[PDB]
Structures are given as structure tokens and as C-alpha cells.
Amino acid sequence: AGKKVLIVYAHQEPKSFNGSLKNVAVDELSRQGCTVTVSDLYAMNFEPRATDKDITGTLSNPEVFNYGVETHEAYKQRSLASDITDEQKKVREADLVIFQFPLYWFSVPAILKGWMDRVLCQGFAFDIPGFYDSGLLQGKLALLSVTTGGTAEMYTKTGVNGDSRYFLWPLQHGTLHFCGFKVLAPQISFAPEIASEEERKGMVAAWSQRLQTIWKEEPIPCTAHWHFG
């Protein structure tokens, strides 16, 4: 009954592997009757930089600019830039937020980092107190769907890149858990560039098939032991 999904999507090319993973999610969730929204960050020319442009209205201290203080105040005063509040609107309504992106330097692309920096402000995504399990986005699900250049075998404890879960720590725990999300297990599509046509189609099909039962899943325990132990 009216599950709402937000897909935050960070890829330049609609014919890319990320584009196909994004479209398959839109197709499959919509076929299920879910309500679906996509934030196509590149197509929006989404602003990634945390600057004083993000507050309209009088600054709590215009001689020494403190981004975290001013955007907290602006959030309560409703003087944040509208591109920020447009994203907060999509997030607040969502029951599940999916992040769809290629791994860039063991992390999200900078345009998606900027979305996190600027949308998840204090007052909206967390408060003091009110973080981790008491984060303000508690009750919501989050899911990282990431594609990588390296193979699965390279992302093992003994491979050169370390285990794949090591690079999920800042995103799943430092960010989503901190904000109160429960985190579903990541969807990692390893190395589509060198995968064969069969394997690429398989990776695409596993994502589609997993989405059919997405609402029946349990979140991971987002702990240091899950990531490192």
C-alpha cells in the first residue's frame, strides 16, 4: 500500500551499466505498484559544494562562516536553498532510498558526496541527541547499489583492494546509520567493464530478481563486526 522509493542516481551516461541498473529498478518497482522517484544528479547539474549560497536569509554570524551551524539554523528557519529542500522532500516521503553509482576512489562520485553533504543537514537527518539508532530518518530503509572497476576476487580480505565491506563503512555506518537508516545489504555489481555479455546480463537479472522481494528483507547489523570482523 503506497511504498515510496527514491533512487539517487550518479552517472553521466544513460546507456551505461548504472543506467541499466537504474532503469531496471524503476521498471520493476513501478510494475510492483510502488511509487518511484529518481534524482538524476548529473542531469540536474546538482550543486555539490557546501557554501554560504545554501542559506538565504540572515546569517547567525556573517563575519565568521560556519557551514554546519548556519545550515542547522536555516533548516529550522526554512531559509535553506530550495534544491536542498526539494531533496529533503523526496527523502522524507521515501520508505526506501536506493543509491545507484559507480565506485569512485573507494567511495561515491563527488556529485553524490555533495548530495550527502548538503541534504543530510542537522535538524533534518540527525540531531544532538538523535543519531545512529535515534537518527531522524529512523523507520526508513537505505540500500547501496554500486558498480566497481575491480573484480570480486580483488575485493577480498587477501586481495589487493581488501574486502569490499571495508569501503562501505563510511557510507553505511558513518552516514546512513548515523542518520537513523536501517541498511539493507549492498548490491555490488563487480567489474561490468570486463565481464562477458552473459555475466553482465546475469548481474542485471540478479538485481531485478532481488527487487521483487526487496520489502521482505531484513537490514544488516550495521556494526564494526559486520564490516571488519
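From 1 onward, residues are counted along the sequence shown. Take the two forms, find the largest set of C-alpha atoms that superpose within 1.5 Å, and that set is the rigid core.
Enquirer: After fitting on the rigid core, pick out whichever of 123 to 131 or 74 to 82 shows the bigger RMS C-alpha deviation in 9 other deposited structures of this protein.
Expert: Farther on average in 9 other deposited structures of this protein: 123 to 131.
Enquirer: Looking at C-alpha RMS in 9 other deposited structures of this protein with the core superposed, is it 30 to 38 or 53 to 61 that drifts more?
Expert: If we average over structures and residues in 9 other deposited structures of this protein, the farther stretch is 53 to 61.
Enquirer: Averaging the C-alpha B factors as listed in the entry, name the stretch that ends up higher: 46 to 54 or 157 to 165.
Expert: Taking the mean B-factor of the alpha carbons in each, 157 to 165 is higher.
Enquirer: Mean CA temperature factor from the deposited coordinates, higher in 99 to 107 or in 132 to 140?
Expert: Between 99 to 107 and 132 to 140, it is 132 to 140 that shows the higher mean C-alpha B-factor.
Enquirer: Among 34, 41, 195, 185, where is the Cα B factor highest in this entry?
Expert: Answer for 34, 41, 195, 185: 195, with the highest C-alpha B-factor.
Enquirer: Select one of 180, 170, 68, 202: the residue whose C-alpha shows the highest B-factor in the crystal structure entry.
Expert: Largest recorded C-alpha B-factor: 202.
Enquirer: Going by the CA temperature factor in the PDB record, which third of the chain does residue 215 belong to: lowest, middle or highest?
Expert: Highest third.
Enquirer: Could you place residue 24 in the lowest, middle or highest third of its chain by Cα temperature factor, using the values in the record?
Expert: For residue 24, the deposited C-alpha B-factor lands in the middle third.
Enquirer: Within this chain's modelled residues, let me know which third the CA B factor of residue 224 belongs to: lowest, middle or highest.
Expert: Top third by C-alpha B-factor.
Enquirer: Lowest, middle or highest third: which one holds residue 78 when the chain's residues are ordered by CA B-factor from the entry?
Expert: CA B-factor rank for residue 78: highest third.
Enquirer: Within this chain, which third does the Cα B-factor at residue 17 fall in: lowest, middle or highest?
Expert: According to the entry, residue 17 has a C-alpha B-factor in the chain's middle third.
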